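Enquirer: below you'll find the sequence and an experimental structure to go with it.
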Amino acid sequence: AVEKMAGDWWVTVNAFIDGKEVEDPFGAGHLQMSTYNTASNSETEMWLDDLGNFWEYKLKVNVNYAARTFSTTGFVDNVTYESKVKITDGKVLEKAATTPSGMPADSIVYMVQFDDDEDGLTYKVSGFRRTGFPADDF
């Protein structure tokens, strides 16, 4: 339904601190996450899931399949724990990233904010689709 946008991803999380984009400020390294279809196989929305590896959030995001973009309408309820999350400028590009083994792979990028982040940072989540090859895991 939103097949090319559902996936298992390896991502890093940057943040905009004091106007500048800081590379992996938390030292979290490469993290796994997933995007998948709703139970209804909806064409207009899908699930975004950090698998508990960063802020511990899981929510439905609006999807425009033709554009291959995704986002939420403001801050939406986190399903993992009681908090709200806002996703902005999500984009899946086909074969745009390069895996560690030197092979093209789909890329995912999005901006996220959390209503319980007292520092009010906007974070930039970015990565590539997991190949399943051990050479491409972290």
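Expert: Everything's here; your move. Numbering: from 1, shown residues only.
Enquirer: burial count for the nearest residue to residue 16 once chain neighbours are set aside?
Expert: Nearest residue to residue 16, sequence neighbours excluded (CB to CB, 6 or more residues apart in numbering): residue 122, at 5.2 Å. The C-beta positions use only the backbone N, C-alpha and C, and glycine is treated the same way. For residue 122, the count of nearby residues is 16 (other CB atoms under 10 Å).
Enquirer: just checking, residue 122 touches residue 110?
Expert: No: counting by CB atoms under 8 Å, residue 122 stays clear of residue 110, with 10.6 Å between them.
Enquirer: shared neighbours of the two, which are they?
Expert: With contacts defined as CB atoms under 8 Å, 6 or more residues apart in numbering, the residues adjacent to both residue 122 and residue 110 are residue 88.
Enquirer: who does the strand ranked longest in the chain touch, helix- and strand-wise?
Expert: Using DSSP state E, we find that the single longest strand of the chain is strand 84-98. With contacts defined as 3 or more CB pairs under 8 Å, 6 or more residues apart in numbering; DSSP states H and E, strand 84-98 has these neighbours: strand 58-64, strand 69-71, strand 76-77, strand 104-114, strand 123-129.
Enquirer: can you give me the buried ones in the longest one?
Expert: For strand 104-114, the neighbour count (16 or more other CB atoms under 10 Å) marks 105, 106, 107, 108, 109, 110, 111, 112, 113, 114 as buried.
Enquirer: from the contact counts, what lies against that strand?
Expert: Applying 3+ CB pairs under 8 Å, 6+ apart, one finds that strand 104-114 makes contact with strand 7-17, strand 84-98, strand 123-129.
Enquirer: what do you get for the first one?
Expert: When contacts are defined as 3+ CB pairs under 8 Å, 6+ apart, strand 58-64 sits against strand 45-49, strand 69-71, strand 76-77, strand 84-98.
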